[PDB]
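So this block is target.txt, compact mmCIF, C-alpha atoms:
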# COMPACT_ATOMS: atom_id res chain seq x y z
CA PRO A 1 10.41 -9.14 -11.86
CA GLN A 2 7.38 -10.77 -10.29
CA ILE A 3 7.12 -9.94 -6.60
CA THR A 4 4.88 -12.18 -4.48
CA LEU A 5 3.37 -10.62 -1.38
CA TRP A 6 4.09 -13.18 1.35
CA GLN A 7 6.61 -10.64 2.67
CA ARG A 8 6.60 -6.83 2.57
CA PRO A 9 7.63 -5.75 -0.93
CA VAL A 10 10.80 -3.90 0.10
CA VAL A 11 13.10 -3.12 -2.84
CA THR A 12 16.43 -1.38 -3.38
CA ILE A 13 16.30 2.07 -4.94
CA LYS A 14 19.09 4.27 -6.24
CA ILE A 15 18.75 8.04 -5.85
CA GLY A 16 21.21 10.90 -5.32
CA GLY A 17 23.97 8.36 -5.93
CA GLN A 18 22.76 6.57 -2.81
CA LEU A 19 21.39 3.06 -2.46
CA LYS A 20 18.33 2.90 -0.23
CA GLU A 21 15.54 0.52 0.72
CA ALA A 22 11.91 1.37 0.04
CA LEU A 23 8.48 -0.25 0.25
CA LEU A 24 6.38 -0.73 -2.91
CA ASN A 25 3.09 0.62 -1.58
CA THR A 26 0.00 0.56 -3.84
CA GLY A 27 -1.91 2.24 -1.01
CA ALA A 28 0.22 5.40 -1.40
CA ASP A 29 -0.42 7.95 -4.18
CA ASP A 30 3.00 9.55 -3.98
CA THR A 31 6.60 8.62 -3.27
CA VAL A 32 8.01 9.82 0.08
CA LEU A 33 11.67 9.44 1.04
CA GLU A 34 13.52 10.29 4.27
CA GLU A 35 15.53 13.53 4.18
CA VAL A 36 18.01 13.51 1.27
CA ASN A 37 19.78 16.52 -0.17
CA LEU A 38 18.38 16.39 -3.71
CA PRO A 39 19.71 19.31 -5.78
CA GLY A 40 17.88 22.26 -7.28
CA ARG A 41 14.45 23.85 -7.00
CA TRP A 42 11.57 22.30 -5.07
CA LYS A 43 8.18 23.42 -3.87
CA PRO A 44 6.46 22.86 -0.53
CA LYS A 45 3.86 20.11 -0.33
CA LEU A 46 1.60 18.87 2.47
CA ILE A 47 1.16 15.11 2.89
CA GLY A 48 -0.81 12.94 5.30
CA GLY A 49 -3.58 15.00 6.85
CA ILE A 50 -5.11 12.75 9.48
CA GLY A 51 -4.54 14.66 12.71
CA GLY A 52 -2.70 17.30 10.73
CA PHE A 53 -0.44 17.46 7.69
CA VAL A 54 3.29 17.02 7.31
CA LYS A 55 5.26 19.44 5.20
CA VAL A 56 7.73 17.99 2.73
CA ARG A 57 9.71 19.12 -0.31
CA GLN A 58 8.41 18.16 -3.75
CA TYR A 59 11.18 17.55 -6.29
CA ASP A 60 10.16 16.95 -9.90
CA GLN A 61 11.68 14.99 -12.76
CA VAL A 62 14.05 13.17 -10.42
CA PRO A 63 16.16 10.34 -11.80
CA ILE A 64 15.61 7.30 -9.62
CA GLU A 65 16.38 3.63 -10.16
CA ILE A 66 14.00 1.01 -8.75
CA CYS A 67 15.02 -2.64 -8.95
CA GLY A 68 17.43 -1.60 -11.69
CA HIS A 69 14.72 0.18 -13.68
CA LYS A 70 15.79 3.77 -14.35
CA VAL A 71 12.82 6.17 -14.39
CA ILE A 72 12.01 9.86 -13.94
CA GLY A 73 9.45 11.16 -11.48
CA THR A 74 8.29 13.26 -8.57
CA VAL A 75 9.77 12.47 -5.18
CA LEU A 76 8.69 14.03 -1.91
CA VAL A 77 11.51 14.41 0.60
CA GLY A 78 10.95 14.57 4.37
CA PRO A 79 9.87 12.51 7.44
CA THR A 80 8.36 9.10 6.81
CA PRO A 81 8.33 6.02 9.11
CA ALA A 82 10.15 4.41 6.16
CA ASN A 83 10.96 5.26 2.49
CA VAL A 84 7.81 4.61 0.44
CA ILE A 85 7.45 4.10 -3.34
CA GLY A 86 3.94 5.20 -4.31
CA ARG A 87 1.77 4.66 -7.37
CA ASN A 88 3.33 7.62 -9.17
CA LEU A 89 6.65 5.79 -9.59
CA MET A 90 5.07 2.40 -10.02
CA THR A 91 3.36 3.59 -13.24
CA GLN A 92 6.75 4.81 -14.49
CA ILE A 93 8.37 1.41 -14.06
CA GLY A 94 5.31 -0.28 -15.59
CA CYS A 95 4.40 -2.07 -12.35
CA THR A 96 0.93 -3.61 -12.21
CA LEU A 97 -1.08 -5.82 -9.84
CA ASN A 98 -1.86 -9.19 -11.45
CA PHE A 99 -4.08 -12.14 -10.52
CA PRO B 1 -7.07 -9.16 -14.09
CA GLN B 2 -4.18 -6.78 -14.59
CA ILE B 3 -4.65 -3.60 -12.59
CA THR B 4 -2.55 -0.59 -13.62
CA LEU B 5 -1.79 1.95 -10.91
CA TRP B 6 -2.65 5.28 -12.54
CA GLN B 7 -5.64 5.34 -10.18
CA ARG B 8 -6.07 3.95 -6.66
CA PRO B 9 -6.62 0.19 -6.95
CA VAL B 10 -10.12 0.14 -5.43
CA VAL B 11 -11.95 -3.15 -6.04
CA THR B 12 -15.34 -4.64 -5.16
CA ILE B 13 -15.35 -7.27 -2.43
CA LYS B 14 -18.12 -9.56 -1.27
CA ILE B 15 -18.31 -10.45 2.43
CA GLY B 16 -21.15 -11.23 4.85
CA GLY B 17 -23.44 -11.26 1.82
CA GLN B 18 -22.57 -7.59 1.36
CA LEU B 19 -20.87 -5.90 -1.58
CA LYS B 20 -18.23 -3.41 -0.49
CA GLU B 21 -15.38 -1.37 -1.93
CA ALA B 22 -11.82 -1.86 -0.74
CA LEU B 23 -8.31 -0.70 -1.59
CA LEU B 24 -5.66 -3.22 -2.70
CA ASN B 25 -2.82 -2.05 -0.46
CA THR B 26 0.59 -3.77 -0.70
CA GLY B 27 1.77 -1.48 2.09
CA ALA B 28 -0.62 -3.18 4.55
CA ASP B 29 0.17 -6.56 6.14
CA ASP B 30 -3.40 -7.34 7.12
CA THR B 31 -6.93 -6.79 5.86
CA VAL B 32 -9.02 -4.25 7.81
CA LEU B 33 -12.72 -3.66 7.15
CA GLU B 34 -15.18 -1.17 8.66
CA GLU B 35 -17.52 -2.61 11.31
CA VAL B 36 -19.45 -5.61 9.94
CA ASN B 37 -21.29 -8.19 11.98
CA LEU B 38 -19.31 -11.28 10.96
CA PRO B 39 -20.61 -14.36 12.79
CA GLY B 40 -18.92 -16.55 15.37
CA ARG B 41 -15.81 -16.42 17.52
CA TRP B 42 -13.13 -13.75 17.19
CA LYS B 43 -10.15 -12.61 19.19
CA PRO B 44 -8.97 -9.10 20.03
CA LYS B 45 -6.13 -7.66 17.97
CA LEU B 46 -4.24 -4.36 18.11
CA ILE B 47 -3.43 -2.62 14.81
CA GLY B 48 -1.65 0.60 13.90
CA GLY B 49 0.54 1.67 16.78
CA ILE B 50 1.86 5.08 15.79
CA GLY B 51 0.52 7.36 18.51
CA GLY B 52 -1.26 4.39 20.02
CA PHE B 53 -2.97 1.23 18.81
CA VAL B 54 -6.50 0.59 17.64
CA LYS B 55 -8.36 -2.44 18.89
CA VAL B 56 -10.18 -4.55 16.33
CA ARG B 57 -11.73 -8.00 16.07
CA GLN B 58 -9.76 -10.72 14.28
CA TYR B 59 -11.96 -13.22 12.43
CA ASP B 60 -10.28 -16.25 10.89
CA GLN B 61 -11.05 -18.43 7.89
CA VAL B 62 -13.55 -15.90 6.54
CA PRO B 63 -15.05 -16.47 3.10
CA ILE B 64 -14.51 -13.34 1.06
CA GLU B 65 -14.74 -12.67 -2.66
CA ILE B 66 -12.33 -10.18 -4.25
CA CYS B 67 -12.85 -9.24 -7.89
CA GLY B 68 -14.87 -12.43 -8.20
CA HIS B 69 -12.09 -14.57 -6.72
CA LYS B 70 -13.46 -16.56 -3.77
CA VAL B 71 -10.84 -17.06 -1.05
CA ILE B 72 -10.56 -17.80 2.67
CA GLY B 73 -8.63 -15.65 5.11
CA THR B 74 -8.24 -13.52 8.19
CA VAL B 75 -10.17 -10.27 8.30
CA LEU B 76 -9.85 -7.63 10.99
CA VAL B 77 -13.09 -5.76 11.67
CA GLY B 78 -13.20 -2.23 13.12
CA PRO B 79 -12.42 1.47 12.37
CA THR B 80 -10.43 2.23 9.24
CA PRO B 81 -10.42 5.43 7.12
CA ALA B 82 -11.50 3.01 4.36
CA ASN B 83 -11.78 -0.80 3.84
CA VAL B 84 -8.27 -2.11 3.11
CA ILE B 85 -7.21 -5.41 1.49
CA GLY B 86 -3.74 -6.27 2.79
CA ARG B 87 -1.04 -8.68 1.68
CA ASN B 88 -2.61 -11.55 3.60
CA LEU B 89 -5.57 -11.71 1.19
CA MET B 90 -3.54 -10.76 -1.84
CA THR B 91 -1.47 -13.97 -1.47
CA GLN B 92 -4.72 -15.96 -1.31
CA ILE B 93 -5.97 -14.58 -4.62
CA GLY B 94 -2.51 -15.06 -6.17
CA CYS B 95 -1.96 -11.32 -6.64
CA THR B 96 1.60 -10.25 -7.44
CA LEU B 97 3.42 -7.05 -8.40
CA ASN B 98 4.86 -7.29 -11.92
CA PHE B 99 7.23 -5.16 -13.99
Could you render the structure as structure tokens?
Amino acid sequence: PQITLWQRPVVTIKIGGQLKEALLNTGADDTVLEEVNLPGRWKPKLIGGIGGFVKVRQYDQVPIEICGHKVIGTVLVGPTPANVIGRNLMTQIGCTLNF
Amino acid sequence: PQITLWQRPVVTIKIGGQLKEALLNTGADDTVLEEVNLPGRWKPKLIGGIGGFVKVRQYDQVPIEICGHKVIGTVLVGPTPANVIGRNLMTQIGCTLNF
């Protein structure tokens, strides 16, 4: 698709057999999702940092569908003011900024 | 241009006869720039909000050049961990997300 930016670029994602809403955020390096019980091994990761860090769980090679594009990538799971799709998953879906 | 998102989408902007660097951030509604002595009238605006707001100066109809695209738009001037181009200026330059 082509998404214009008059509104916040909120899209539907599919992960853990759940449909969710997330913001396409080019200002974010990584993808952070509210708590979800993804299966298997994970490793601790610190995100944020301004005023202190937030600890989340890094899951790798996660199948996730974004706007009906199935891709594989790293998803961080833990507290976030809203689900955020970062640049790491945007490269996987072949999402670019164009003007 | 077409900007891929393997790296942070930092671009050169031109404002107040100054060249600066700023991040193209689809996660941001508005454009926030470090203190710069833009001329003329402005009105107070509160930004952020999580843990408290930050007061900045809203300047309207500001000429700004982004990647050599001259546009006109609202720029908020005050503290920011780095200069940020928000969706408001991205619509002016005709910048979209594509995949």
- Query: Quick one, how far is atom CA of residue A:98 from atom CA of residue A:3?
  - Reply: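 That distance, rounded to one decimal, is 10.2 Å.
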Is it possible to get the superposed chain B, fitted on chain A over all Cα pairs by sequence order, as a PDB file with C-alpha atoms, keeping the file's coordinate frame?
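Just written: out-v2.pdb:
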ATOM      1  CA  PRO B   1      10.408  -9.142 -11.856  1.00  0.00           C
ATOM      2  CA  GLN B   2       7.381 -10.770 -10.289  1.00  0.00           C
ATOM      3  CA  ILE B   3       7.120  -9.940  -6.605  1.00  0.00           C
ATOM      4  CA  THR B   4       4.880 -12.183  -4.487  1.00  0.00           C
ATOM      5  CA  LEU B   5       3.372 -10.619  -1.380  1.00  0.00           C
ATOM      6  CA  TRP B   6       4.091 -13.176   1.346  1.00  0.00           C
ATOM      7  CA  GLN B   7       6.607 -10.639   2.667  1.00  0.00           C
ATOM      8  CA  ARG B   8       6.596  -6.832   2.574  1.00  0.00           C
ATOM      9  CA  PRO B   9       7.634  -5.747  -0.929  1.00  0.00           C
ATOM     10  CA  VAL B  10      10.806  -3.894   0.106  1.00  0.00           C
ATOM     11  CA  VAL B  11      13.093  -3.116  -2.844  1.00  0.00           C
ATOM     12  CA  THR B  12      16.438  -1.379  -3.374  1.00  0.00           C
ATOM     13  CA  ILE B  13      16.300   2.067  -4.947  1.00  0.00           C
ATOM     14  CA  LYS B  14      19.086   4.265  -6.238  1.00  0.00           C
ATOM     15  CA  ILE B  15      18.750   8.040  -5.848  1.00  0.00           C
ATOM     16  CA  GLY B  16      21.211  10.902  -5.316  1.00  0.00           C
ATOM     17  CA  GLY B  17      23.969   8.364  -5.927  1.00  0.00           C
ATOM     18  CA  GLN B  18      22.756   6.573  -2.803  1.00  0.00           C
ATOM     19  CA  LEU B  19      21.390   3.051  -2.460  1.00  0.00           C
ATOM     20  CA  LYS B  20      18.325   2.897  -0.239  1.00  0.00           C
ATOM     21  CA  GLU B  21      15.537   0.515   0.716  1.00  0.00           C
ATOM     22  CA  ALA B  22      11.911   1.365   0.036  1.00  0.00           C
ATOM     23  CA  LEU B  23       8.483  -0.245   0.248  1.00  0.00           C
ATOM     24  CA  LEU B  24       6.382  -0.734  -2.906  1.00  0.00           C
ATOM     25  CA  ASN B  25       3.083   0.612  -1.580  1.00  0.00           C
ATOM     26  CA  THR B  26      -0.005   0.569  -3.838  1.00  0.00           C
ATOM     27  CA  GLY B  27      -1.908   2.243  -1.010  1.00  0.00           C
ATOM     28  CA  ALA B  28       0.216   5.404  -1.399  1.00  0.00           C
ATOM     29  CA  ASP B  29      -0.422   7.949  -4.172  1.00  0.00           C
ATOM     30  CA  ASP B  30       2.997   9.557  -3.978  1.00  0.00           C
ATOM     31  CA  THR B  31       6.598   8.618  -3.270  1.00  0.00           C
ATOM     32  CA  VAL B  32       8.006   9.815   0.077  1.00  0.00           C
ATOM     33  CA  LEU B  33      11.667   9.441   1.044  1.00  0.00           C
ATOM     34  CA  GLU B  34      13.518  10.290   4.266  1.00  0.00           C
ATOM     35  CA  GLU B  35      15.530  13.533   4.172  1.00  0.00           C
ATOM     36  CA  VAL B  36      18.010  13.516   1.265  1.00  0.00           C
ATOM     37  CA  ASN B  37      19.772  16.521  -0.172  1.00  0.00           C
ATOM     38  CA  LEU B  38      18.379  16.392  -3.715  1.00  0.00           C
ATOM     39  CA  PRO B  39      19.709  19.309  -5.777  1.00  0.00           C
ATOM     40  CA  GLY B  40      17.880  22.261  -7.277  1.00  0.00           C
ATOM     41  CA  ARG B  41      14.457  23.847  -6.994  1.00  0.00           C
ATOM     42  CA  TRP B  42      11.572  22.303  -5.067  1.00  0.00           C
ATOM     43  CA  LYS B  43       8.180  23.419  -3.869  1.00  0.00           C
ATOM     44  CA  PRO B  44       6.463  22.857  -0.530  1.00  0.00           C
ATOM     45  CA  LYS B  45       3.862  20.104  -0.331  1.00  0.00           C
ATOM     46  CA  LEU B  46       1.594  18.877   2.467  1.00  0.00           C
ATOM     47  CA  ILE B  47       1.154  15.109   2.892  1.00  0.00           C
ATOM     48  CA  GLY B  48      -0.818  12.944   5.298  1.00  0.00           C
ATOM     49  CA  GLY B  49      -3.578  14.998   6.847  1.00  0.00           C
ATOM     50  CA  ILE B  50      -5.109  12.749   9.483  1.00  0.00           C
ATOM     51  CA  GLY B  51      -4.534  14.663  12.708  1.00  0.00           C
ATOM     52  CA  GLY B  52      -2.693  17.301  10.727  1.00  0.00           C
ATOM     53  CA  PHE B  53      -0.437  17.461   7.685  1.00  0.00           C
ATOM     54  CA  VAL B  54       3.292  17.014   7.313  1.00  0.00           C
ATOM     55  CA  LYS B  55       5.262  19.440   5.206  1.00  0.00           C
ATOM     56  CA  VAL B  56       7.730  17.995   2.728  1.00  0.00           C
ATOM     57  CA  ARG B  57       9.703  19.121  -0.307  1.00  0.00           C
ATOM     58  CA  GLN B  58       8.406  18.149  -3.750  1.00  0.00           C
ATOM     59  CA  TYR B  59      11.172  17.546  -6.299  1.00  0.00           C
ATOM     60  CA  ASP B  60      10.154  16.948  -9.902  1.00  0.00           C
ATOM     61  CA  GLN B  61      11.678  14.992 -12.765  1.00  0.00           C
ATOM     62  CA  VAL B  62      14.049  13.167 -10.416  1.00  0.00           C
ATOM     63  CA  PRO B  63      16.169  10.336 -11.796  1.00  0.00           C
ATOM     64  CA  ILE B  64      15.612   7.298  -9.626  1.00  0.00           C
ATOM     65  CA  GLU B  65      16.389   3.630 -10.156  1.00  0.00           C
ATOM     66  CA  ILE B  66      14.003   1.006  -8.755  1.00  0.00           C
ATOM     67  CA  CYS B  67      15.018  -2.645  -8.959  1.00  0.00           C
ATOM     68  CA  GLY B  68      17.429  -1.599 -11.688  1.00  0.00           C
ATOM     69  CA  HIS B  69      14.714   0.181 -13.679  1.00  0.00           C
ATOM     70  CA  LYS B  70      15.792   3.775 -14.354  1.00  0.00           C
ATOM     71  CA  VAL B  71      12.827   6.167 -14.392  1.00  0.00           C
ATOM     72  CA  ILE B  72      12.010   9.853 -13.936  1.00  0.00           C
ATOM     73  CA  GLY B  73       9.450  11.159 -11.478  1.00  0.00           C
ATOM     74  CA  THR B  74       8.290  13.252  -8.571  1.00  0.00           C
ATOM     75  CA  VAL B  75       9.769  12.472  -5.180  1.00  0.00           C
ATOM     76  CA  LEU B  76       8.683  14.036  -1.911  1.00  0.00           C
ATOM     77  CA  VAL B  77      11.513  14.417   0.600  1.00  0.00           C
ATOM     78  CA  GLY B  78      10.951  14.571   4.373  1.00  0.00           C
ATOM     79  CA  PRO B  79       9.872  12.511   7.447  1.00  0.00           C
ATOM     80  CA  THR B  80       8.366   9.096   6.813  1.00  0.00           C
ATOM     81  CA  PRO B  81       8.333   6.022   9.113  1.00  0.00           C
ATOM     82  CA  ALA B  82      10.148   4.409   6.156  1.00  0.00           C
ATOM     83  CA  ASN B  83      10.967   5.264   2.487  1.00  0.00           C
ATOM     84  CA  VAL B  84       7.815   4.612   0.436  1.00  0.00           C
ATOM     85  CA  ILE B  85       7.449   4.107  -3.339  1.00  0.00           C
ATOM     86  CA  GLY B  86       3.937   5.197  -4.313  1.00  0.00           C
ATOM     87  CA  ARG B  87       1.773   4.665  -7.373  1.00  0.00           C
ATOM     88  CA  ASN B  88       3.326   7.625  -9.164  1.00  0.00           C
ATOM     89  CA  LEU B  89       6.650   5.789  -9.584  1.00  0.00           C
ATOM     90  CA  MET B  90       5.066   2.397 -10.016  1.00  0.00           C
ATOM     91  CA  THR B  91       3.363   3.594 -13.240  1.00  0.00           C
ATOM     92  CA  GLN B  92       6.753   4.815 -14.490  1.00  0.00           C
ATOM     93  CA  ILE B  93       8.372   1.407 -14.054  1.00  0.00           C
ATOM     94  CA  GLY B  94       5.309  -0.287 -15.587  1.00  0.00           C
ATOM     95  CA  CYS B  95       4.403  -2.073 -12.346  1.00  0.00           C
ATOM     96  CA  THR B  96       0.928  -3.611 -12.210  1.00  0.00           C
ATOM     97  CA  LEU B  97      -1.073  -5.821  -9.846  1.00  0.00           C
ATOM     98  CA  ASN B  98      -1.854  -9.191 -11.443  1.00  0.00           C
ATOM     99  CA  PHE B  99      -4.076 -12.133 -10.525  1.00  0.00           C
TER     100      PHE B  99
END
- Query: What is the atom CA of residue A:29 to atom CA of residue B:6 distance in Å?
  - Reply: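 Going from atom CA of residue A:29 over to atom CA of residue B:6, I get 9.1 Å.
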- Item | Counting only C-alpha atoms, the residue of A:85, A:72, A:32, A:15 that sits nearest chain B |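 Smallest distance to chain B is found for A:85.
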- Message: Show me the residues close to (19.0, 5.2, -12.2) - anything with an atom within 12 Å, counting all atoms listed in the file - and format the list as a ChimeraX atom specification.
- Response: /A:12-19,62-73,93
For chain B, list the residues within 12 Å of chain A, counting all atoms listed in the file, and write the list as a PDB file with C-alpha atoms, keeping the file's coordinate frame.
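This went into selection-v1.pdb:
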ATOM      1  CA  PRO B   1      -7.070  -9.160 -14.090  1.00  0.00           C
ATOM      2  CA  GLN B   2      -4.180  -6.780 -14.590  1.00  0.00           C
ATOM      3  CA  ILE B   3      -4.650  -3.600 -12.590  1.00  0.00           C
ATOM      4  CA  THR B   4      -2.550  -0.590 -13.620  1.00  0.00           C
ATOM      5  CA  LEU B   5      -1.790   1.950 -10.910  1.00  0.00           C
ATOM      6  CA  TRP B   6      -2.650   5.280 -12.540  1.00  0.00           C
ATOM      7  CA  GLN B   7      -5.640   5.340 -10.180  1.00  0.00           C
ATOM      8  CA  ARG B   8      -6.070   3.950  -6.660  1.00  0.00           C
ATOM      9  CA  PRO B   9      -6.620   0.190  -6.950  1.00  0.00           C
ATOM     10  CA  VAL B  10     -10.120   0.140  -5.430  1.00  0.00           C
ATOM     11  CA  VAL B  11     -11.950  -3.150  -6.040  1.00  0.00           C
ATOM     12  CA  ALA B  22     -11.820  -1.860  -0.740  1.00  0.00           C
ATOM     13  CA  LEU B  23      -8.310  -0.700  -1.590  1.00  0.00           C
ATOM     14  CA  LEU B  24      -5.660  -3.220  -2.700  1.00  0.00           C
ATOM     15  CA  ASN B  25      -2.820  -2.050  -0.460  1.00  0.00           C
ATOM     16  CA  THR B  26       0.590  -3.770  -0.700  1.00  0.00           C
ATOM     17  CA  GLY B  27       1.770  -1.480   2.090  1.00  0.00           C
ATOM     18  CA  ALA B  28      -0.620  -3.180   4.550  1.00  0.00           C
ATOM     19  CA  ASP B  29       0.170  -6.560   6.140  1.00  0.00           C
ATOM     20  CA  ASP B  30      -3.400  -7.340   7.120  1.00  0.00           C
ATOM     21  CA  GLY B  49       0.540   1.670  16.780  1.00  0.00           C
ATOM     22  CA  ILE B  50       1.860   5.080  15.790  1.00  0.00           C
ATOM     23  CA  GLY B  51       0.520   7.360  18.510  1.00  0.00           C
ATOM     24  CA  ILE B  66     -12.330 -10.180  -4.250  1.00  0.00           C
ATOM     25  CA  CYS B  67     -12.850  -9.240  -7.890  1.00  0.00           C
ATOM     26  CA  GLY B  68     -14.870 -12.430  -8.200  1.00  0.00           C
ATOM     27  CA  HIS B  69     -12.090 -14.570  -6.720  1.00  0.00           C
ATOM     28  CA  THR B  80     -10.430   2.230   9.240  1.00  0.00           C
ATOM     29  CA  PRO B  81     -10.420   5.430   7.120  1.00  0.00           C
ATOM     30  CA  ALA B  82     -11.500   3.010   4.360  1.00  0.00           C
ATOM     31  CA  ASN B  83     -11.780  -0.800   3.840  1.00  0.00           C
ATOM     32  CA  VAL B  84      -8.270  -2.110   3.110  1.00  0.00           C
ATOM     33  CA  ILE B  85      -7.210  -5.410   1.490  1.00  0.00           C
ATOM     34  CA  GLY B  86      -3.740  -6.270   2.790  1.00  0.00           C
ATOM     35  CA  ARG B  87      -1.040  -8.680   1.680  1.00  0.00           C
ATOM     36  CA  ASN B  88      -2.610 -11.550   3.600  1.00  0.00           C
ATOM     37  CA  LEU B  89      -5.570 -11.710   1.190  1.00  0.00           C
ATOM     38  CA  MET B  90      -3.540 -10.760  -1.840  1.00  0.00           C
ATOM     39  CA  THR B  91      -1.470 -13.970  -1.470  1.00  0.00           C
ATOM     40  CA  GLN B  92      -4.720 -15.960  -1.310  1.00  0.00           C
ATOM     41  CA  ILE B  93      -5.970 -14.580  -4.620  1.00  0.00           C
ATOM     42  CA  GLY B  94      -2.510 -15.060  -6.170  1.00  0.00           C
ATOM     43  CA  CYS B  95      -1.960 -11.320  -6.640  1.00  0.00           C
ATOM     44  CA  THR B  96       1.600 -10.250  -7.440  1.00  0.00           C
ATOM     45  CA  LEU B  97       3.420  -7.050  -8.400  1.00  0.00           C
ATOM     46  CA  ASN B  98       4.860  -7.290 -11.920  1.00  0.00           C
ATOM     47  CA  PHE B  99       7.230  -5.160 -13.990  1.00  0.00           C
TER      48      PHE B  99
END
- Message: One decimal, in Å: what's the spacing between atom CA of residue A:33 and atom CA of residue A:79?
- Response: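 Separation of atom CA of residue A:33 and atom CA of residue A:79: 7.3 Å.
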Pull N, CA, C and O atoms for stretch 77-89 of chain B from the block and write them as a PDB file, in the first residue's frame.
ATOM      1  N   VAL B  77       9.535  25.079  18.557  1.00  0.00           N
ATOM      2  CA  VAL B  77      10.941  25.333  18.857  1.00  0.00           C
ATOM      3  C   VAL B  77      11.157  25.289  20.360  1.00  0.00           C
ATOM      4  O   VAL B  77      10.478  26.018  21.099  1.00  0.00           O
ATOM      5  N   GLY B  78      12.099  24.431  20.768  1.00  0.00           N
ATOM      6  CA  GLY B  78      12.442  24.148  22.157  1.00  0.00           C
ATOM      7  C   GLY B  78      13.156  22.801  22.316  1.00  0.00           C
ATOM      8  O   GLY B  78      13.456  22.113  21.325  1.00  0.00           O
ATOM      9  N   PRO B  79      13.461  22.415  23.569  1.00  0.00           N
ATOM     10  CA  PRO B  79      14.164  21.178  23.904  1.00  0.00           C
ATOM     11  C   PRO B  79      13.630  19.940  23.208  1.00  0.00           C
ATOM     12  O   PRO B  79      12.426  19.680  23.232  1.00  0.00           O
ATOM     13  N   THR B  80      14.533  19.191  22.591  1.00  0.00           N
ATOM     14  CA  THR B  80      14.229  17.870  22.057  1.00  0.00           C
ATOM     15  C   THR B  80      15.544  17.105  21.950  1.00  0.00           C
ATOM     16  O   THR B  80      16.557  17.679  21.513  1.00  0.00           O
ATOM     17  N   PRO B  81      15.541  15.815  22.361  1.00  0.00           N
ATOM     18  CA  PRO B  81      16.761  14.994  22.361  1.00  0.00           C
ATOM     19  C   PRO B  81      17.452  14.990  20.992  1.00  0.00           C
ATOM     20  O   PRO B  81      18.644  14.678  20.917  1.00  0.00           O
ATOM     21  N   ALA B  82      16.703  15.339  19.944  1.00  0.00           N
ATOM     22  CA  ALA B  82      17.247  15.688  18.630  1.00  0.00           C
ATOM     23  C   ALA B  82      16.130  16.298  17.775  1.00  0.00           C
ATOM     24  O   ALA B  82      14.962  15.988  18.000  1.00  0.00           O
ATOM     25  N   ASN B  83      16.488  17.167  16.823  1.00  0.00           N
ATOM     26  CA  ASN B  83      15.538  17.752  15.858  1.00  0.00           C
ATOM     27  C   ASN B  83      14.662  16.678  15.217  1.00  0.00           C
ATOM     28  O   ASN B  83      15.179  15.684  14.714  1.00  0.00           O
ATOM     29  N   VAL B  84      13.344  16.864  15.228  1.00  0.00           N
ATOM     30  CA  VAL B  84      12.447  15.818  14.731  1.00  0.00           C
ATOM     31  C   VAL B  84      11.439  16.364  13.714  1.00  0.00           C
ATOM     32  O   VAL B  84      10.668  17.271  14.039  1.00  0.00           O
ATOM     33  N   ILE B  85      11.430  15.802  12.502  1.00  0.00           N
ATOM     34  CA  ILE B  85      10.422  16.167  11.502  1.00  0.00           C
ATOM     35  C   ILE B  85       9.222  15.248  11.686  1.00  0.00           C
ATOM     36  O   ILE B  85       9.339  14.026  11.518  1.00  0.00           O
ATOM     37  N   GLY B  86       8.072  15.821  12.034  1.00  0.00           N
ATOM     38  CA  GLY B  86       6.868  15.027  12.245  1.00  0.00           C
ATOM     39  C   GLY B  86       5.968  14.940  11.031  1.00  0.00           C
ATOM     40  O   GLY B  86       6.303  15.450   9.953  1.00  0.00           O
ATOM     41  N   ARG B  87       4.823  14.285  11.201  1.00  0.00           N
ATOM     42  CA  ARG B  87       3.916  14.048  10.090  1.00  0.00           C
ATOM     43  C   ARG B  87       3.419  15.338   9.453  1.00  0.00           C
ATOM     44  O   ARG B  87       3.151  15.378   8.252  1.00  0.00           O
ATOM     45  N   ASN B  88       3.305  16.397  10.246  1.00  0.00           N
ATOM     46  CA  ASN B  88       2.811  17.662   9.710  1.00  0.00           C
ATOM     47  C   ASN B  88       3.646  18.182   8.538  1.00  0.00           C
ATOM     48  O   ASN B  88       3.093  18.667   7.545  1.00  0.00           O
ATOM     49  N   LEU B  89       4.971  18.054   8.619  1.00  0.00           N
ATOM     50  CA  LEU B  89       5.821  18.492   7.511  1.00  0.00           C
ATOM     51  C   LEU B  89       5.979  17.416   6.447  1.00  0.00           C
ATOM     52  O   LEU B  89       6.167  17.714   5.261  1.00  0.00           O
TER      53      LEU B  89
END
